[PDB]
Amino acid sequence: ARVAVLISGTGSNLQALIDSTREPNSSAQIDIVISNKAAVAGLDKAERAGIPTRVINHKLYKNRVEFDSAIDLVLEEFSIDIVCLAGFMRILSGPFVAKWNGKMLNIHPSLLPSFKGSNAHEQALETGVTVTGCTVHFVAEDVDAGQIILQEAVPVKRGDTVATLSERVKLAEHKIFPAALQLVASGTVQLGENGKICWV
Ligand SMILES: Nc1nc2[nH]c(CCNc3ccc(C(=O)N[C@@H](CCC(=O)O)C(=O)O)cc3)cc2c(=O)[nH]1
Ligand SMILES: NCC(=O)N[C@@H]1O[C@H](COP(=O)([O-])[O-])[C@@H](O)[C@H]1O
């Protein structure tokens, strides 16, 4: 299966996906990295690995639909089968999500359904949980609500901040995002006709 990874920043999840997809038994190959922001570190990581990059600046488009449309064009150009959102910080439009239904994955730094949205660690620290974690899920139109593929729990330590907790949680993100990608690329897991997760 041919994969596009979309990023907005550092790219530690991208790097973990690059490392796993180059293992001999990997059922996924990463063919293109797309950033919505110029000059971010994930673009360097992609180039060092010999993977084509594109920047598609959301700020240059009238609305979400046109922006997603420009992404979809790249996706078709590289004949992509699966899309991974890896630190990608934009909400995607309905029809784009419908088109890639069953074929687009996201990593989110909480145990969904808790702490949806773009500041999950701040919410987790404000609420005072002692266990948080991360989630890989299929992308549905409703944000951070698609079908869950894998999760991993991570302790919150007393005195944690967003810096120290996100560092601990990323260590677990870097394990389940490659595992989930391999599950979907191999056809072991798919989005079922009834809309629930199906293990084959
Ligand atoms: N339809 C859909 N899109 C999705 N995108 C993602 C990607 C990862 N999750 C996100 C959840 C919420 C946001 C969010 O507040 N964004 C703001 C930009 C924030 C800013 O810089 O000011 C926006 O864009 O205005 C972003 C990403 C998942 C995800 C999903 O599950 N469904
Ligand atoms: N709403 C999605 C979200 O919060 N994504 C989070 O952004 C970070 C990106 O790091 P990276 O650029 O080093 O992979 C990761 O922790 C990811 O789970």
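In this chain, residues are counted from 1 in sequence order. When a ligand or atom number is given, it counts from 1 through the structure's own listing order. In what follows, every heavy atom counts, from backbone to side chain, and hydrogens, waters and symmetry copies are set aside.
Within 4.0 Å of ligand 2, heavy atoms belong to protein residues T10, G11, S12, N13, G87, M89, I107, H108, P109, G117, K170, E173.
When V139, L92, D142 are checked for heavy-atom proximity to atom 3 (N) of ligand 1, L92 turns out nearest. Atom 18 (C) of ligand 1 has its nearest heavy-atom neighbour, among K37, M89, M104, in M89.
Using a 30° and 60° split on the angle between ring planes, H58 and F67 fall in the perpendicular class, above 60°.
Protein heavy atoms are absent from the space less than 4.0 angstrom from atom 20 (C) of ligand 1. Taking a distance limit of 4.0 Å, we find that atom 26 (C) of ligand 1 is approached by some protein heavy atom.
Annotation: atom 5 (N) of ligand 1 to nearest protein heavy atom, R90 O, 2.9 Å.
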- Query: Can you check salt bridge (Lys or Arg N to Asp or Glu O under 4.0 Å) on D81 and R2, steps first, answer last?
  - Reply: CA-CA 5 Å; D81 306 289; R2 304 173 54 87; 5.2 Å; no
- Item | Working for side chain to side chain donor-acceptor pair (under 3.5 Å), residues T10 and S12 | CA-CA 6 Å; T10 309; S12 74; over 6 Å; no
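In this structure, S186 contributes its side chain and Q182 its backbone to a donor-acceptor pair below 3.5 Å. Judged by distance alone, the side chain of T127 and the main-chain N or O of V129 form no donor-acceptor pair under 3.5 Å.
The distance from atom CG of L75 to atom CZ of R54, rounded to the nearest 0.5 Å, is 11.0 Å.
Annotation for ligand 1: atoms under 4.0 Å from non-hydrogen atoms of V143 are 11 (C), 30 (C), 31 (O), 32 (N). Heavy-atom contacts of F88 reach the following atoms of ligand 1: 7 (C), 8 (C) (cutoff under 4.0 Å). Heavy-atom proximity to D144, at under 4.0 Å, picks out these atoms of ligand 1: 9 (N), 30 (C), 31 (O). Within ligand 1, counting atoms from 1 as listed, the ones closer than 4.0 Å to a heavy atom of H137 are 31 (O). Residue contact check: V97 has heavy atoms under 4.0 Å from atoms 1 (N) of ligand 1.
In terms of polar-atom proximity, defined here as any N/O pair under 3.5 Å, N106 makes no such contact with ligand 1. Between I91 and ligand 1, at least one pair of N/O atoms sits closer than 3.5 Å.
The number of heavy atoms from other shown groups lying within 6.0 Å of CD (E77) is above 12. Environment of CG in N63: crowded, with over 12 heavy atoms of neighbouring residues, nucleotides or ligands closer than 6.0 Å.
Under a 4.0 angstrom heavy-atom cut-off, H108 registers as lying outside contact with ligand 1. At least one heavy atom of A140 sits under 4.0 Å from some atom of ligand 1.
Taking each heavy atom of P155 and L165 in turn, the nearest pair found is O-CD1, 4.0 Å. For the pair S26 and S20, the tightest heavy-atom approach, listed with the atom from each and the gap, is CB-O, 3.6 Å.
Under the salt bridge (charged side-chain N to carboxylate O under 4.0 Å, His left out) criterion, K116 pairs with no residue at all, not counting sequence neighbours.
Using a 4.0 Å cut-off between a side-chain N of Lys or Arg and a carboxylate O of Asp or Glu, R168 and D160 qualify as a salt bridge.
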